[PDB]
$ cat structure07.txt   # compact mmCIF, C-alpha atoms and all ligand atoms
# COMPACT_ATOMS: atom_id res chain seq x y z
CA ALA A 1 0.00 0.00 0.00
CA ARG A 2 1.12 3.59 -0.62
CA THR A 3 1.45 4.18 3.10
CA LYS A 4 2.49 7.58 4.45
CA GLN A 5 3.42 8.83 7.90
CA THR A 6 2.92 12.58 7.87
CA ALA A 7 2.15 14.98 10.70
CA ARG A 8 -1.34 14.78 12.20
CA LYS A 9 -3.39 17.92 11.74
CA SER A 10 -6.27 17.08 14.08
CA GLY B 289 7.07 7.28 -19.08
CA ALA B 290 7.71 6.92 -15.37
CA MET B 291 4.71 6.29 -13.15
CA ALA B 292 5.41 9.15 -10.78
CA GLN B 293 2.29 8.79 -8.66
CA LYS B 294 0.99 11.31 -6.16
CA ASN B 295 -0.33 10.69 -2.67
CA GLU B 296 -2.44 12.96 -0.53
CA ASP B 297 -0.87 14.05 2.74
CA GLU B 298 -4.41 14.39 4.03
CA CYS B 299 -6.91 11.57 4.51
CA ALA B 300 -9.86 11.53 2.08
CA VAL B 301 -12.08 10.95 5.11
CA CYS B 302 -11.29 13.83 7.49
CA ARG B 303 -8.45 15.56 5.57
CA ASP B 304 -6.16 14.84 8.53
CA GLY B 305 -2.56 13.64 8.31
CA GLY B 306 -0.44 11.02 10.01
CA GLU B 307 -0.99 7.31 9.46
CA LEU B 308 -2.11 7.40 5.84
CA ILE B 309 -2.68 4.58 3.39
CA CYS B 310 -2.87 5.72 -0.22
CA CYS B 311 -4.38 3.96 -3.21
CA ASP B 312 -2.30 2.81 -6.18
CA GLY B 313 -4.33 4.31 -9.02
CA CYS B 314 -5.91 7.04 -6.91
CA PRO B 315 -3.90 9.75 -5.07
CA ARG B 316 -6.26 9.61 -2.08
CA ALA B 317 -4.72 8.56 1.20
CA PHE B 318 -6.83 7.40 4.13
CA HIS B 319 -6.57 6.69 7.83
CA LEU B 320 -6.66 3.03 8.82
CA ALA B 321 -9.71 3.26 11.08
CA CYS B 322 -11.44 5.94 8.98
CA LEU B 323 -11.71 3.51 6.07
CA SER B 324 -14.69 1.24 5.53
CA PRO B 325 -13.84 -1.49 5.87
CA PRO B 326 -11.14 -0.13 8.23
CA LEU B 327 -7.59 -1.39 7.78
CA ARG B 328 -6.01 -2.66 11.00
CA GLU B 329 -2.78 -3.50 9.25
CA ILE B 330 -1.02 -2.33 6.10
CA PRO B 331 -1.70 -4.42 2.96
CA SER B 332 1.18 -5.58 0.78
CA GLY B 333 0.38 -4.91 -2.85
CA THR B 334 -1.51 -2.43 -4.97
CA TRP B 335 -4.14 -1.12 -2.60
CA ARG B 336 -7.36 0.38 -3.91
CA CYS B 337 -9.83 2.72 -2.23
CA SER B 338 -13.50 1.76 -1.86
CA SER B 339 -14.46 3.54 -5.09
CA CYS B 340 -11.85 1.53 -7.01
CA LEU B 341 -13.04 -1.79 -5.56
CA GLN B 342 -16.57 -0.80 -6.48
CA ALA B 343 -15.46 0.15 -9.98
CA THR B 344 -15.55 -3.45 -11.20
CA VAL B 345 -17.37 -2.28 -14.35
CA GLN B 346 -16.49 -5.51 -16.16
CA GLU B 347 -17.96 -8.98 -15.59
CA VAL B 348 -17.54 -9.73 -11.89
CA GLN B 349 -16.43 -13.30 -12.59
CA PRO B 350 -19.55 -15.29 -13.59
CA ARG B 351 -19.45 -18.37 -11.38
CA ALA B 352 -22.35 -20.11 -13.10
CA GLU B 353 -21.18 -23.72 -12.82
CA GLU B 354 -24.66 -25.06 -13.53
ZN ZN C 1 -9.47 9.95 8.21
ZN ZN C 2 -8.31 4.69 -5.70

$ encode --input "structure07.txt" --output "structure tokens"
Amino acid sequence: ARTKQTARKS
Amino acid sequence: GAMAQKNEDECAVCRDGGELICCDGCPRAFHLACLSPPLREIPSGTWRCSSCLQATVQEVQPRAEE
């Protein structure tokens, strides 16, 4: 899968 | 040409970031739990969003054995 781990924005 | 795909840094569900899982053919990225069905673990392969899995426009494998 094209998984990403960016910053949460919430 | 090179398949330089694009992935959203925001989930298609709540437009939030973090633990995203993006589709192969579609730039949308999603959150594991926000998906339906929700992913609990990352899938190995070409992952497709719900729309893509519903886009089986062709014959959905006719299993008429009778
Ligand atoms: Zn989400
Ligand atoms: Zn898609």

$ residues_near_ligand --input "structure07.txt" --ligand "ligand ZN 2 (chain C)" --cutoff "12 Å" --atoms "all atoms listed in the file" --output "VMD selection string"
(chain A and resid 1 to 2) or (chain B and resid 293 to 296 300 309 to 318 334 to 343)

$ atom_distance --input "structure07.txt" --atom1 "CA of residue 304 (chain B)" --atom2 "CA of residue 332 (chain B)"
23.0 Å

$ residues_near_ligand --input "structure07.txt" --ligand "ligand ZN 1 (chain C)" --cutoff "10 Å" --atoms "all atoms listed in the file" --output "PyMOL selection string"
(chain A and resi 10) or (chain B and resi 298-309+317-323)

$ atom_distance --input "structure07.txt" --atom1 "CA of residue 329 (chain B)" --atom2 "CA of residue 4 (chain A)"
13.2 Å

$ atom_distance --input "structure07.txt" --atom1 "CA of residue 326 (chain B)" --atom2 "CA of residue 3 (chain A)"
14.3 Å

$ closest_residue --input "structure07.txt" --among "B:352, B:346, B:333, B:325" --to "chain A" --atoms "all atoms listed in the file"
B:333

$ closest_residue --input "structure07.txt" --among "B:289, B:297, B:344, B:354" --to "residue 6 (chain A)" --atoms "only C-alpha atoms"
B:297

$ axis_aligned_box --input "structure07.txt" --around "region 313-331 of chain B" --padding-each-side "5 Å" --output "lines of an AutoDock Vina configuration file"
center_x = -7.9
center_y = 2.7
center_z = 1.0
size_x = 23.7
size_y = 24.2
size_z = 30.1

$ build_atoms --input "structure07.txt" --residues "chain A" --atoms "N, CA and C atoms" --output "PDB file, in the coordinates of the input"
ATOM      1  N   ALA A   1       0.851  -1.212   0.000  1.00  0.00           N
ATOM      2  CA  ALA A   1       0.000   0.000   0.000  1.00  0.00           C
ATOM      3  C   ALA A   1       0.874   1.245   0.000  1.00  0.00           C
ATOM      4  N   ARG A   2       0.367   2.337  -0.568  1.00  0.00           N
ATOM      5  CA  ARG A   2       1.120   3.590  -0.620  1.00  0.00           C
ATOM      6  C   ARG A   2       0.998   4.297   0.728  1.00  0.00           C
ATOM      7  N   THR A   3       1.582   3.694   1.743  1.00  0.00           N
ATOM      8  CA  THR A   3       1.450   4.180   3.100  1.00  0.00           C
ATOM      9  C   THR A   3       2.322   5.417   3.335  1.00  0.00           C
ATOM     10  N   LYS A   4       1.793   6.346   4.112  1.00  0.00           N
ATOM     11  CA  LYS A   4       2.490   7.580   4.450  1.00  0.00           C
ATOM     12  C   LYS A   4       2.424   7.804   5.947  1.00  0.00           C
ATOM     13  N   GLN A   5       3.427   8.470   6.490  1.00  0.00           N
ATOM     14  CA  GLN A   5       3.420   8.830   7.900  1.00  0.00           C
ATOM     15  C   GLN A   5       3.743  10.304   8.061  1.00  0.00           C
ATOM     16  N   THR A   6       2.756  11.137   7.780  1.00  0.00           N
ATOM     17  CA  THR A   6       2.920  12.580   7.870  1.00  0.00           C
ATOM     18  C   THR A   6       2.569  13.077   9.267  1.00  0.00           C
ATOM     19  N   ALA A   7       2.555  14.386   9.439  1.00  0.00           N
ATOM     20  CA  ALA A   7       2.150  14.980  10.700  1.00  0.00           C
ATOM     21  C   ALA A   7       0.630  15.040  10.791  1.00  0.00           C
ATOM     22  N   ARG A   8       0.097  14.681  11.953  1.00  0.00           N
ATOM     23  CA  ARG A   8      -1.340  14.780  12.200  1.00  0.00           C
ATOM     24  C   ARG A   8      -1.728  16.246  12.275  1.00  0.00           C
ATOM     25  N   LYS A   9      -2.902  16.557  11.766  1.00  0.00           N
ATOM     26  CA  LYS A   9      -3.390  17.920  11.740  1.00  0.00           C
ATOM     27  C   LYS A   9      -4.414  18.116  12.851  1.00  0.00           C
ATOM     28  N   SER A  10      -5.244  17.091  13.046  1.00  0.00           N
ATOM     29  CA  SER A  10      -6.270  17.080  14.080  1.00  0.00           C
ATOM     30  C   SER A  10      -7.215  18.280  13.933  1.00  0.00           C
TER      31      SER A  10
END
